Every structure is written in C-alpha cells, then in structure tokens.
Amino acid sequence: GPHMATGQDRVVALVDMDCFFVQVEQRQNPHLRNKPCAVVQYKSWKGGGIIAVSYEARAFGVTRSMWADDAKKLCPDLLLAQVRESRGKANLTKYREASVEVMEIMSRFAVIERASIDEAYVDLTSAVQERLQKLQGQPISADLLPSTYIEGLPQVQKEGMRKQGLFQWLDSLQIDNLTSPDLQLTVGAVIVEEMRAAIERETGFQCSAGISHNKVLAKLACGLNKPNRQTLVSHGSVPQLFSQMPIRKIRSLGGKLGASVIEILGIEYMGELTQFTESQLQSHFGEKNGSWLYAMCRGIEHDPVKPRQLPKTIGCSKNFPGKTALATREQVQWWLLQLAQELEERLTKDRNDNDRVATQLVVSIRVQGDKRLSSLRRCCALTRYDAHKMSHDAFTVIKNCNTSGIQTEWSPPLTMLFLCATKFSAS
DNA sequence: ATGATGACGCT
DNA sequence: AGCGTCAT
Ligand SMILES: Nc1ccn([C@@H]2O[C@H](COP(=O)(O)OP(=O)(O)OP(=O)(O)O)[C@@H](O)[C@H]2O)c(=O)n1
Ligand SMILES: [Ca+2]
Ligand SMILES: [Ca+2]
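Throughout the first sequence, residue numbering follows PDB author numbering, covering -2 to 152, 161 to 432 in sequence.
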C-alpha cells in the first residue's frame, strides 16, 4: 500500500494538429474551408494518393491512402489540394514550415518533444506547480476549461454531456491540496486550453490534446475527443478505460508485439494484462517489454518527455512502384541526383537555422519483390553539402548491389531510393 | 501502385 | 555497421 508507486509524478500533454495538411491548405485557400476536401500527392496514377482528409470528407468514408479517383466515388463533391512537386518528387516544405509555426508557440509554455510533423509532447509539471502557487487556493471555474472532456464522467447532446462531466469533476476536486495529482492534471488542462488558444489565434490552426500523467496515456487521451477538443485522463479513470480498450490502441502495441500479447496470453483488452506477474510478462516478451507492460496496464509509464524540437536525421525518399522500377544505371544516377539536390537544399537551410552540420550520409534502397521498407542500407562520410558529390558517393556505396551483367542495366530493379543525413554536430 | 519520413531497438 | 519494428 504505502510503498506502491502510482505513476502520478508528472503532468504530460500530447498536442496533435487536426487534419493538419488540410488545415494548411484551407488557410491558404479560403475556398476549401468548411468543405469536404483532401490533400493528394501526385496526380496521374488514379488521381493521386490521399494523404489527409477533412472531417467533412471523412463522413463520406474518405480515408488516407485511398486513390483520389476512388475517393470521388464516395464523395463526388470532394475538393482536392495537391502537394507541391519538385524535381519529380513530393515536396513537403509548406507543411514542415507550418509545423515550425506551431512548435514555436508551444515552446513558449514548456519543454516540448517533437513527436512527428504535427505532434508534440509537453512536460507541464513545472508550469503546473507555478500556477498552483499563483492564484491559490482559488477554485477552478469551468469557464477556464471550455473544450475539455473528463474521461469517465459523467457517471442528450454532446456539449451537455461534456459539461455535466466537467461539473462532476470540478465539484469533487480538493483545491486546498497542492500535491493532489487530480488537481495537478486539472491545472495542466487549464494551461493546455491556453496553449491551444494561442496556436489557433496565431496560426489559424485547430488541434486536439490529451492531458495525463505520462506520454502513453496523454496520446491515448488525445484521440478520445477529436477534433478541436482536449481530454483529461486521470489515474483513477484507467481501470474502466482499459477494461474494454483493445491492446493495439496503446502506443507501441499496434504491431507484431501487440499481436503476440493477444495470441500468447489469449486476451483482448489492456486491462486484462493486470492478471499476470511481472516475471510472467518478461518471460514471454523480454525483460524490457515485460516490465513496461506490467506497469503500463496499471496506467504507469516513465518514458521522459525529451527536450528535442529538431529532427535527428534529415532524409529524402522516393518509391518507384511497378513498371516504373528503376532498371538502368543512368536512371539510378539521375534520381539519386534529384534526391541529393532536395536534400542539399534542406541541409543548407538547417545549417543556417539551427547551427549544426550532418556528418554521415545513409543510402537505403529497396529491390523489386522485397516487402521490407529497406532491402539494403550503406553509409559514407558527408563532408560537403554538395548534391553532385552526395549523389556520386551514394552511387559508389550501392554500385555492387547491381547483379546485372550488362553495364548500362540495373538488376534487380529498384523500387525505392532513400538518402538520409545523420550524425549532426554543432556548427 | 500509397508514398514520405523519422525514432529507436537488436545484434 | 546493418537490419527490424513502429509510428505520424
Ligand atoms: N500513414 C501515415 C500517417 C501519417 N503521416 C504523416 O503524418 C501527418 C499527420 O498524421 P495524422 O495525425 O495521422 O493525420 P491528420 O491528417 O493530422 O488527421 P487527424 O485529425 O486524425 O490527426 C500526415 O499529414 C502525414 O504527413 C504519413 O505520412 N503516413
Ligand atoms: Ca494530426
Ligand atoms: Ca499526428
């Protein structure tokens, strides 16, 4: 009892932009606002591939990875915006720059960990302590939490249900105990309301957020009420929430490990994991995974919010599917040059912006027939931000993968090329 | 024939 | 070093 850690030591939020690329294109082109629309890449094959879908279009069944021609069968009025194409490949600069807008606003409030182009974790523990010292111990008005859901509460319209739950939560809150984890989460949610208001005011972009005691629960919380809402998942809410929560919904369990937990243990839901000892879970899934699962199914996780806003690698890739697979030496060399030129542009901007230089170039390829992301990776020194040198060096390190006897031909044909600059040093 | 990109674990 | 897993 008195010696059992409860994983209530931190306040962590996860902020996730709603249909991010669609919002970027809707900000730029007001004719797309409040419409079923989608963002596509490429255009000639089946109208292009859908990468992002507005909530109006999702109501028709339009999803990511669908071909736009097929999405138009579900939603004939679907509007489309296309990703910029430069040197024959998709160019995502517009969305990376919009991402920086949002991340810089979030960084004013707290240390953030960039998790993807449109997600960041926030460690709010210190900011909460400060706010509890200020204006205390005054009660927290529901007006400070206008878009917050309390998971598990209450207990015929959506907003009435939201407010009934918020009222039940605020009425039970012990506002005189500055160390109450539930109070700390509530103040965390107040700050996240302020952060999300600042993002929307200064960029036009809406987002969702989760607030809890660790990254996994904050990520789970964020998805419970999308879009344009935030959700607080308390430690006390975990047993009911996990009791019907498919294992695959928890971050890192969406793949082979999660499938093996289900198959080996014969369970379906996250809460069912509590019945196993730590040693049992370590025996099936390894020491690290087993300890992690034992704590996580109790709502406890210690992965820190890392202080990192910049990517550790900068990379450029293109797939060559089907009959387009690269099959001549001139083809491989020309596309390596195209990738190297885009990479040079990104690296030179990175060096000016962030005072650092990459020192290693990783070349990844996939060969036709291979189901893996990469069939082969090789690396060489990155000593100059020069596209011709980078592309020549990349060819040098993959040259002898070519099994073809004819010198102008490449066998087996290449279905992906990927150049990645890594091992940054201060500059 | 989604495709573009990124973090991190294992050996 | 080079491959495997999981993710947005
Ligand atoms: N299979 C995937 C999933 C996502 N992404 C990248 O991750 C971004 C954001 O992904 P996600 O948050 O899943 O989708 P949103 O469009 O933001 O929709 P939501 O409102 O559900 O968050 C996408 O724009 C895309 O750049 C991707 O490349 N490939
Ligand atoms: Ca998103
Ligand atoms: Ca996301």
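Where is the CB? At the ideal position from N, CA and C, for every residue including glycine.
For residue i, the three-state DSSP class (helix, strand or coil)
{"i": "residue 73", "result": "coil"}
{"i": "residue 418", "result": "strand"}
{"i": "residue 16", "result": "coil"}
{"i": "residue 272", "result": "coil"}
{"i": "residue 355", "result": "helix"}
{"i": "residue 11", "result": "strand"}
{"i": "residue 196", "result": "helix"}
{"i": "residue 110", "result": "strand"}
{"i": "residue 153", "result": "The residue list of the chain ends a segment at 152 and starts the next at 161, so residue 153 has no coordinates to report."}
{"i": "residue 338", "result": "helix"}
{"i": "residue 279", "result": "helix"}
{"i": "residue 119", "result": "strand"}
{"i": "residue 406", "result": "helix"}
{"i": "residue 396", "result": "helix"}
Any non-hydrogen atom of ligand 1 closer than 7 Å to residue i Cβ
{"i": "residue 17", "result": "yes"}
{"i": "residue 254", "result": "no"}
{"i": "residue 301", "result": "no"}
{"i": "residue 63", "result": "no"}
{"i": "residue 421", "result": "no"}
{"i": "residue 157", "result": "Residue 157 cannot be located in this model; the chain continues from 152 straight on to 161."}
{"i": "residue 231", "result": "yes"}
Residue i Cβ short of 7 Å to ligand 2 heavy atom set
{"i": "residue 100", "result": "no"}
{"i": "residue 275", "result": "no"}
{"i": "residue 200", "result": "no"}
Span of the alpha helix (DSSP H), counted from its first residue to its last, around residue i
{"i": "residue 411", "result": "First-last for residue 411: undefined, no H or E at that position."}
{"i": "residue 150", "result": "Residue 150 -> no alpha helix (DSSP H), and no H or E assigned at all."}
{"i": "residue 284", "result": "283 to 290"}
{"i": "residue 101", "result": "90 to 103"}
{"i": "residue 226", "result": "220 to 227"}
Span separating the alpha-carbon of residue i from that of residue j
{"i": "residue 171", "j": "residue 138", "result": "10 Å"}
{"i": "residue 78", "j": "residue 22", "result": "7 Å"}
{"i": "residue 71", "j": "residue 63", "result": "11 Å"}
{"i": "residue 390", "j": "residue 424", "result": "13 Å"}
{"i": "residue 247", "j": "residue 349", "result": "47 Å"}
{"i": "residue 282", "j": "residue 299", "result": "7 Å"}
{"i": "residue 237", "j": "residue 396", "result": "49 Å"}
{"i": "residue 290", "j": "residue 240", "result": "25 Å"}
{"i": "residue 88", "j": "residue 401", "result": "26 Å"}
{"i": "residue 178", "j": "residue 5", "result": "16 Å"}
{"i": "residue 159", "j": "residue 37", "result": "A gap in the chain, from 152 straight to 161, means residue 159 has no coordinates in the model shown."}
{"i": "residue 158", "j": "residue 217", "result": "Looking at the chain, the numbering goes 152 and then 161, which leaves residue 158 without any coordinates in this model."}
{"i": "residue 324", "j": "residue 393", "result": "21 Å"}
{"i": "residue 288", "j": "residue 266", "result": "12 Å"}
{"i": "residue 303", "j": "residue 210", "result": "35 Å"}
{"i": "residue 32", "j": "residue 73", "result": "12 Å"}
{"i": "residue 379", "j": "residue 414", "result": "21 Å"}
Check: residue i C-beta below 7 Å from any heavy atom of ligand 3
{"i": "residue 116", "result": "yes"}
{"i": "residue 213", "result": "no"}
{"i": "residue 51", "result": "no"}
{"i": "residue 113", "result": "yes"}
Run of the beta strand (DSSP E) containing residue i, from where it starts to where it stops
{"i": "residue 322", "result": "319 to 324"}
{"i": "residue 365", "result": "361 to 372"}
{"i": "residue 386", "result": "381 to 386"}
{"i": "residue 39", "result": "Segment: none, residue 39 is in no beta strand (DSSP E) and carries neither H nor E."}
{"i": "residue 157", "result": "Along the chain, the last residue before the gap is 152 and the first after it is 161, so residue 157 carries no coordinates."}
Ligand 4 heavy atom lying under 7 Å from the CB of residue i
{"i": "residue 48", "result": "Absent from the structure shown: ligand 4. Ligands present: ligand 1, ligand 2 and ligand 3."}
Check: Quick one: any contact between the stretch 129 to 144 and the stretch 32 to 52, if contact means 3 or more CB pairs under 8 Å?
Finding: With a cut-off of 8 Å, the stretch 32 to 52 and the stretch 129 to 144 do not count as touching, because too few Cβ pairs lie within range.
Next item on the list: Could you tell me whether the stretch 230 to 239 touches the stretch 310 to 324, using the rule of 3 or more Cβ pairs below 8 Å?
Entry: No: fewer than three Cβ pairs fall under 8 Å.
Margin query: Across the stretch 75 to 94 and the stretch 178 to 196, are there enough close Cβ pairs to call them in contact, namely three or more that are closer than 8 Å?
Written below: No: the two stretches stay apart, fewer than three of their Cβ pairs being nearer than 8 Å.
Notebook entry, point to check: Is it a yes or a no for the stretch 394 to 413 touching the stretch 329 to 348, going by three-plus beta-carbon pairs under 8 Å?
Noted result: By the Cβ criterion, the stretch 394 to 413 is in contact with the stretch 329 to 348, since at least three pairs of Cβ atoms, one from each stretch, lie closer than 8 Å.
Check: Is there contact here, the stretch 346 to 366 with the stretch 380 to 398, by at least three beta-carbon pairs under 8 Å?
Finding: Yes, the stretch 346 to 366 touches the stretch 380 to 398.
Margin query: I'd like to know if the stretch 104 to 113 and the stretch 301 to 314 are in contact, where contact means that at least 3 CB-CB pairs between them fall below 8 Å.
Written below: The answer is yes - the stretch 301 to 314 touches the stretch 104 to 113, with three or more Cβ pairs under 8 Å.
Check: Touching or not, the stretch 51 to 70 and the stretch 323 to 333, by the rule of three or more beta carbon pairs under 8 Å?
Finding: No contact exists between the stretch 51 to 70 and the stretch 323 to 333.
Item checked: the stretch 218 to 226 contacting the stretch 3 to 16, beta-carbon criterion three pairs below 8 Å -> Touching, yes, given that three or more Cβ pairs across the two stretches are closer than 8 Å.
Margin query: Three or more C-beta pairs under 8 Å: does that hold for the stretch 410 to 422 against the stretch 372 to 381?
Written below: Short answer: they touch.
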